[PDB]
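By letter and in written order, the chains are A, B, C, D and E; residue numbering begins at 1 in each of them.
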Amino acid sequence: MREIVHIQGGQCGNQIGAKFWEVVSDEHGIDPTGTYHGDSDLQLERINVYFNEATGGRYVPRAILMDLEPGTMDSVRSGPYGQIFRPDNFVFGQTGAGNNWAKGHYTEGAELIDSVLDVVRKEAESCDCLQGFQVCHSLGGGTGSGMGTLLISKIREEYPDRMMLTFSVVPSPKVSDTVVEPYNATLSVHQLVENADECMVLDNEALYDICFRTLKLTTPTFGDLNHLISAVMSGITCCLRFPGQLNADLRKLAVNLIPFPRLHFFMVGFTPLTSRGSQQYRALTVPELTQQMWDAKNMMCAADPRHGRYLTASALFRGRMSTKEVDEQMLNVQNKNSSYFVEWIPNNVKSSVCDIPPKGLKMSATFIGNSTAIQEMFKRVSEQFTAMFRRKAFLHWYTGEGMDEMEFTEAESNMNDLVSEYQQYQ
Amino acid sequence: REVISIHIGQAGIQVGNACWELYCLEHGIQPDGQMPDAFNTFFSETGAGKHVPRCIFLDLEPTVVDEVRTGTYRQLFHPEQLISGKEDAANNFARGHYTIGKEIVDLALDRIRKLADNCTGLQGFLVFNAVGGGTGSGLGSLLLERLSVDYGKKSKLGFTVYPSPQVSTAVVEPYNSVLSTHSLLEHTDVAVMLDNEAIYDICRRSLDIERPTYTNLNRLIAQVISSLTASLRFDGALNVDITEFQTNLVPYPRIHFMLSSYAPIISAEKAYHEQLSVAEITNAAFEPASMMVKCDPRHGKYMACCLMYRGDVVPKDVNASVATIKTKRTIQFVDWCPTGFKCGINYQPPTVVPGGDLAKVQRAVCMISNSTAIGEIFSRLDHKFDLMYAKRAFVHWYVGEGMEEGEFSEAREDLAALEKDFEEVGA
Amino acid sequence: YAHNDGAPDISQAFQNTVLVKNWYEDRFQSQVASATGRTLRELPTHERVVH
Amino acid sequence: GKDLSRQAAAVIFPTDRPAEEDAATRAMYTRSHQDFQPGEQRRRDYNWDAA
Amino acid sequence: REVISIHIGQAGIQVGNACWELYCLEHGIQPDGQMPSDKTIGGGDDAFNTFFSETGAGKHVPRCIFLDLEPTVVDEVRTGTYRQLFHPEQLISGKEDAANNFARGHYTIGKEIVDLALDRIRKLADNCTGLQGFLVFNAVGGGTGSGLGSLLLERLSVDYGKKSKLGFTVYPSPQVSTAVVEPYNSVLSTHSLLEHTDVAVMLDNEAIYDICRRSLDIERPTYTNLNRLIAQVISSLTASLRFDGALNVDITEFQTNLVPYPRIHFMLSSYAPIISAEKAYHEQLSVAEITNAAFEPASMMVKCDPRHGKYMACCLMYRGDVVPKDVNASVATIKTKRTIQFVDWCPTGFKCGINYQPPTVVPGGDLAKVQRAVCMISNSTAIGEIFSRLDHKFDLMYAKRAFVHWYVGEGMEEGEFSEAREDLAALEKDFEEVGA
């Protein structure tokens, strides 16, 4: 019916998407061999959104994997639910970028983007009515950021009417993996602010601290982080996949959360996240979900929302519940901490309800917050970018490839104008 | 994805003699060539049941070469992969660069040309040489020149053996080291320094091997090389390829010089003794008691770092350890680069060689960083070079071989330029 | 800010038997791992991190 | 020979000797010297069946 | 109607370890916390509600927080039989002990542990809806139960204040003692316990030892038996809230009916019948003998003599098969007797209470389930004699400045010593003034 085309770039994108197609296959109850094995017929009615029938109930995903190293493809085919992807959707170069936006945006794209454009085109016209695209990638790496943003720009030029979600992990100084993470981050976000519809900012700092303090795991490997991100993405798309008392599609979320075409950077939260040692302390009530949702320690971005103002927000509820308690709870949390919301928009909170909780769960909720405290993170990046660009550190591996320094000046300017307008609305 | 390695000189092929022993032991390849896909980046699988390495040994004296040809690894190495000249260059850059190079280098390059032809997904070249000698310096530089002419854009990882400040075996090694650096600047894309006094202090202090030979040095250097190619070879949680050192650690086209380090260098007894954790090995990889180059980074400022991890390593604790490093102030970074780290993790633990002195460790760290203490190295070498050049000593060897005063002068002022360079960037 | 809130501990890690810092939660994980039969490390991410 | 035999360990900590069970003799000790184990009541010989 | 219970110190949480065992047995709840599967609880289980808050389906978590600074005893609870009943988040545990040092327990470690205890007790009160009051458990002799306990009582009184705080403290015996500086720690405790708590009940140890020796015929009792019958006293006190009786009184009644003066709040407790299985068979149990039995010093919980004092007021909870006619007759016999004397301030010096449900004991043994029992909470002047006894032995050690260097090394000074000493003297003057 309404169709989502999933796109995954880079090492981060390939692994989080593997876990994403794992949990979605789980919710539609399809085995790792490709056949339905669920119980109720309620799951069969909305598998067109994510899978296509091939032969004998073989539901294969509508996904495009994209990278430059075969190691990502080996990690794809190694795990379970690694055999259900179509081998024609395993499009992949051979050389590798390796933390280089130039290589990811001018050379490797130049001969990889055409072939992925052929397959994503064949994938797009294979279905009838798109809802849009959903891309998960990174911003620190090269083959994710550069190749991803180039694809995003090119597919938005071809299909300007379809929606677009982008789950991008941003780097933090405390969890600082690469060295040229500012050069790739600034140039990517400068592409996103002009081309992407809306961006869900993620980072590993919040995810590690969440897994320490709220889950209390001793060894938080990547698979757990990927699953939490997967939980968020599944919670986002719950409404197209299942009926409810008040459905909300992605376009319905975009119009209720984007007041200005450049104010589309959200912070995200997911509930419930409790240590399985304390899973019996807590009950399952809407106020119990709300106190964990609006908490600052539960945002998936290293940005204190109490250091700014919520412009708008949206809450997606799953499971049988009572709408009265939902609305009065949102109203109460809006009136109590009244200073942390903006004044010239009343009723900043959009809510939605679908009637199917995720598997093994009884009632869940996903939080999308458009706050003005995201400029602290971009300032946290811009000051590093200024420190590098002052005397051109690491600059030649970019400039000697086809890029000029004017790209860096305009990316600097666009970022500074964005953080200024966020500060203005504060 | 493959990488071919070249070994130049008397040092180059002895390091290779220990390095390829490690590769056979890590991929379980018998010394006669057959196993009882991860190996495909080093051992091409000829015919049926036989792997034969992507390597070249070369030298001008046949002694150490046919010692390889008659060692344990007779059937393993291709008969002509090991190249051998007739007579030595004999601690003479000009002799190794103009007289004998002109007839050995052409056979070397039209040999690696068909090595590259058999290869498919070449990452690049990684070289092994010493600059104190003549064969490593002279035709090593001559080869690097013709490599840069032929391919150029392919990376050239250079693990070079500089002369130690105090401990020294030769006399003209200042001249040869200077003349080699003059070409090592604009030819190698990135270079790792390896002194011998630093490694001698390591084996004396940590390993407590009181009287070490070269083979102990070669063995743990091979351990370093294996720890930074483990990413290509095996699957890890976060693998970083060869083109990363190019990007994440070379801020300027003429600043590519890196101090290397390794931890834990621990014998068989201190292993059961010590509780190996990521915090202390990430700490121990920073004190100069564990640097492979005799210098003090206290006097310098770091520019970029890179950390390979092998074994049971989760990104949590490596992230916590580098956080404690960034918050410490005993070491310092330059202000013009805030994010001064790069990580990399591979799953397989480093294996041990029978009769070796290193123990089976759960996890290990190979740190490669850039600093300005290397600017201190070149100054300390240039000072004693001027000492000899003022009196024009030993010059008649080079001039009679074919060179003149110009190359001495221009290499002297080039090292002066590199000096001005490092002092300018460091502040 | 909100997510820093702490200093990394310079301390060694024991097993789940010794009562050092996180033995309680680790003990529950290990208990359910023994109940199923597989080890603690080998577990589906959902089983380890969702309700 | 003597400090390798280590008789003092055996006399101070008599590991070879059986511990304090005295299953039935504890009853006669309680009856004779009125010396119970700590957490016990005084037990009369009531025929509770008759009542 | 809900009441939350906090346990501070080594003694308090062991009493709670026995107390919650009794509660789950009274409401028939298994150690895991789920209800028995075979027996259906029914929709309106209001009785469980005062202590256990139903969460989700079939699980009851108590409204309690064990907290202490040494981790040993707390993690013994965490590894014992009641691992599943409390999950980790209420059992607050420090890193190192206060070590019998009121200063160390009130100023050194209290500064970082009390705030965590407070915003937890906030969330517990938020979960609650009809909060009747708090009740605390501590032994004033120790370091944690005295220091941080008083700090906790102070910040609770500045948080809520108006709600009643039933303090069940354990005083040090005159001759029986396990510590040395507990005179100092006790005096410094009462310095705050006088003006902070509302209704504070005293529990000695040697009196209980005499009880287990004489009535329970346990020749050598351990702490387990002490805490078991103390849990019986507490359960018999709150059974008026937990269960419907013919004549119910709530927790605010001791506030009005037992405390005639805002600073004179110290209550002697007693229980009857403390009886084994054999004595019960040989003794006919009725109300007149136990109403007597509740007044002899052989069944009190504090080693003092009510003969030398005069009663201020008395309160009598009856559990089991008790009709009002004969309890009225027995208290008539008491008020006409002359072996005990009341104050001329109150003619009507009694407060009765009847509940239908009989006492329940651990099935293992030590206590025969009886048809009826009584718990007496009175007010007299023997308590003033106890304080004077502790004040003398405090002054003896203070005159030579013994052990003072630990406190001043922690950061306290002679000012609070002198002012607490004169405060207790003021309490002695108040007792002697009201008793006349």
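Convention: a contact is a pair of C-beta atoms (placed from the backbone, for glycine too) under 8 Å apart; a residue touches a chain by one contact, two chains touch by 3 or more.
Interface comparison, A-C versus A-B: the pair with the greater number of contacting C-beta pairs is A-B. Taking each chain's centre as the mean of its C-alpha atoms, the one that lies farthest from the centre of chain A is D.
With centres taken as mean Cα positions, chain E sits 37 Å from chain D. Each chain gets one centre point, the mean of its Cα atoms, and the points for chain A and chain E are 56 Å apart. For the pair chain C and chain E, the distance between mean C-alpha positions equals 38 Å. With centres defined as mean CA coordinates, chain D is found 44 Å away from chain C. In chain C, the positions touching at least two other chains are 13, 24-25. Within chain B, contacts with two or more other chains are made by residues 323. In chain A, the positions touching at least two other chains are 174, 219, 277. In this structure, the chains touch in the following pairs: A-B, A-C, A-E, B-C, C-E, D-E. By the touch rule above, chain A contacts chain B in their complex via residues 11, 69-71, 74-75, 94, 96, 98-100, 171, 173-182, 204, 208, 219-222, 384, 387-388, 390-391, 393-394, 396-397. Those residues of chain E whose C-beta lies close enough to touch chain A in the complex are 33, 55-56, 59, 61, 84, 87-89. Those residues of chain C that touch chain A in the shared complex are 1-5, 13, 22, 24-26, 28-29, 32, 41, 45-46, 48-51.
Those residues of chain A that touch chain C in the shared complex are 19, 23, 26, 174, 205-206, 209, 211, 215-219, 223-224, 226-228, 231, 272, 274-277, 279, 296-297, 299, 302-307, 358, 360-361, 376.
Taken together, the chain D residues at the contact with chain E in this complex read 34, 36, 38-42, 44, 46, 51.
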